[PDB]
Structure formats: C-alpha cells, structure tokens
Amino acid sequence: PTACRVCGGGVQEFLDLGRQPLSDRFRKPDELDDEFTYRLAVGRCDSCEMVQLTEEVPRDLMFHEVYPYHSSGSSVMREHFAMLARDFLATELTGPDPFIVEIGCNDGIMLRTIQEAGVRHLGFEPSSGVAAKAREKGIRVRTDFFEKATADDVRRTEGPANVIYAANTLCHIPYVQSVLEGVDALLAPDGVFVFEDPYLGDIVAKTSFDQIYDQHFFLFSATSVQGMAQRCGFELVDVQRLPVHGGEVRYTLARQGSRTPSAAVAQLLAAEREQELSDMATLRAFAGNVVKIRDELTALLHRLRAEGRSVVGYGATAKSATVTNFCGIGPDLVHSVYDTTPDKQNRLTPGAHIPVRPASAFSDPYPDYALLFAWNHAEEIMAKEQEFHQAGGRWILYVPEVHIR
C-alpha cells in the first residue's frame, strides 16, 4: 500500500504496466543484457486525487551525465519555448532587475531567449551533459537538483525570483513537497510558479498510456494541482492547455490570495468534475482501453509479419519503452527504430533491445510500415518524410487507437 507524495493519503492502483527498464538507457549491442527494472503501475490518491506512480526510481538513476534527451532537437518545441520566454519578458519580468529561475532547463531551449534579453536568470539542471550545452549558449546554469536546500542557497545569494518555471520537469519529481518548499523560500511575494506537464485529461481521452514511464511520476490535472497548491499555501490562478507532447496544461501558481484566479481555472475544474476525469471508474476504463490497444497493436504487428510486410519504428522516444516492454514488441516484429539523437544511435532500445539507427538511414528502399512512436511529433516528422509516404510506406499509430495511414 502506497502513501501519496503530496498529502500522505492512500494511493489506489488502477493500471499495472509490469516490469519496465529505465526509459532512456540505450545499451550498445555488445553490452551485457542486464538492466535495472522496476514495477511501473499507477494509482490515484484517495484524498487529493493526485494520479501518480506507485514505485519511484531514484533520481540519480535517471538524471546524470548521460541523459540522452536534448530538448532543442524539435523545431516545434524550440518555437514553443521562445514564445513562452517572450510572453514572460512582456509580463512578469518587466521589473527593474527581474530574476527568473528555470527547473530542468536542459540544453537551454527556454533560457536562451531570457539570456538574449539580458535578464538575470539561473537554470537548475542536474544532468551535467545537457547543462553543459546550455552554458555554451551563455546561460547561467547550476548542475544541481532543485529542492528546498538548493532553493535556499539561491535565495541567499541571488534574492527572490519573480518567476520560477518548469516544463516537463515537475511531473518527473516525486519530492514535489520539497520543491514547493523551495518555491516558497525563493519566489517573490508577488511572483508566480508556472509549470507545464502532460495532462491527465489528454492521456485519458487519447488512451496515451506511453505517457506513463519512469520519469513521469505524476499525471497532473487541474483538480489535483489546485489541491496541491492549496495545501502548500499557494493557489492555482491560471491554466492553459497546450498541444505539445500529446496534450499538456500550463499551471500558474501564486501565493494564496495574491492574485485573482482566471475564469479559465474554474472552467477547467468544472469540465473535469463534469467529465469525472479523476473518478476511479474513469481511470479503470482507461486501463481497460490500454489493454485493448496492446492487444490490437500486437495482433496487427504479428499479422504484418505473417503477410511478409516489413515494419520499423520511428522515434526512439522514452515513451516507446513502455509500449515495447508492456506489449512484448522486439526486433522480430519491429526491426530497427529510426532516431535523430546521436547518443541513441548505434544502440539498442531499453528492455526490448531493438536496434536504433540514424533517421538519415530511413530512406529508399523504404520499409512497408513505420510504427510512429514519436506520434506527438507527427506533423514535424511527416513533413520531413513525404518521400516515404509517396513511395507507398504507411504509418502505424496506436494513439488514440491502432490505425494505419
């Protein structure tokens, strides 16, 4: 039985994805085939409605010098964060001498615009190789985890932050209480803590179970974020839905009664209550659809092999680990996975051990099918891969349902 990371309440499981490897550990073909596994399963707190995993992977197993994800590899995301940065420069960072702190700045995808504006800033990025890529752009970065203590250090030496921002980062952090204590110590009395992460509403609507893997500890909703804020002295004052990463919410927290919540907060809370998003029965129905997609996807891939049709994957996403290991998909069904990330090329995917090859290798003669694990990047990827589809190759998607197009 598992205690809620936010409130200490009881977490009831509704989905068990089985033994999983680390999502971003790509081994060389010669490397011995052991690896760390953990049980991936998800539950909902009874008190605060926080959806969360029931086993944590230690932070240092996930975030360290070989973290292979470099945010700046997507043009869509580069544009997304530039705009977010400009939006902040125009609103929250108009002070004299404003200060913005980003938790999980990675290769500096967001902070580059802040630095280029001459605004004082600090990235926390415990993963030293991406941290280094950010410093190369001139960005000020601390190779440390953000938590209560390092936030106190930063308050002490740099004074309060007008904005603390985290993208695709807070949901990676089981110790959200120490984070929030750090925000409390660091943030200006009139500041904002803004974070954006994959949205439970979108996961449930699209049955995108591949959004569940080791680094996604929390699947936030407005209902559970409002509860978490309230419980720590903050308040949810705005929400914005975002289409990136398969569907996200950007949550804006201010200290309690410092600002008036936008109409958008009540409206989303009401949609979720109306749709019974976080009712155990809804989440269990989602889990039932998860199994259906597994069963349909494997039936398709085995049918393809029996009809002599070649299948590869496209995008060696962290997400794809959950798919290949839960579904039992390896090299006998999907021969290679094509990917743009140098640190993942000439390696095997975790658990399933499918060879990863450079995307530049996905070329004539094309395979018959490409299983699109990077389905959140469909438009960006398919625009670069017109020749494949023109030649008659087809994509296999499993979100929101198994289908070919």
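Start at 1 and count along the sequence shown; that's the residue number.
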{"item": "Mean C-alpha temperature factor, higher of 216-224 and 230-238", "value": "230-238"}
{"item": "Greater mean Cα temperature factor according to the PDB record, 338-346 or 27-35", "value": "27-35"}
{"item": "Candidate set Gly104, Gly73, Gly288, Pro243 [ranked by C-alpha B-factor, highest]", "value": "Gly73"}
{"item": "From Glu248, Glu125, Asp97, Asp332, residue of greatest CA B-factor", "value": "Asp97"}
{"item": "Chain-wide C-alpha B factor ranking for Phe362, given as lowest, middle or highest third", "value": "middle"}
{"item": "Assigned third (lowest, middle, highest) for the C-alpha B factor of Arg305", "value": "lowest"}
{"item": "Third of the chain, ranked by Cα B-factor, where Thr157 sits", "value": "highest"}
{"item": "Third of the chain's Cα B-factor distribution that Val402 belongs to, per the entry", "value": "lowest"}
{"item": "Third of the chain, ranked by Cα B-factor, where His172 sits", "value": "lowest"}
